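The opening residue of the sequence shown carries number 1 in the authors' numbering; numbering runs sequentially from there.
For every residue, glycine included, the Cβ atom is placed at its ideal position computed from N, Cα and C.
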Amino acid sequence: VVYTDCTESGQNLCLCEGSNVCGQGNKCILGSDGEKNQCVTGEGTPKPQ
């Protein structure tokens, strides 16, 4: 199953780290003092449609 590119930090099934998907149950972050995209575990949100 595929997702798509995040549209908001915190998500975790989107193309967070690179074109690779992060990890549901985790939390991604777009723009972190320079990191336009990080994949840091944590309760974020299942990037809805």
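Candidates the options, of which the one nearest residue i by Cα
i   : options              : result
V2  : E8, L15, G10 and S9  : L15
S19 : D5, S32, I29 and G25 : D5
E43 : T7, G25, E17 and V21 : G25
Residue i classed as buried or exposed, judged by whether at least 16 other C-beta atoms fall within 10 angstroms
i   : result
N12 : buried
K27 : buried
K36 : exposed
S32 : exposed
Inter-residue CB distance, residue i and residue j (contact presumed, cutoff 8 Å)
i   : j   : result
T45 : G10 : 6 Å
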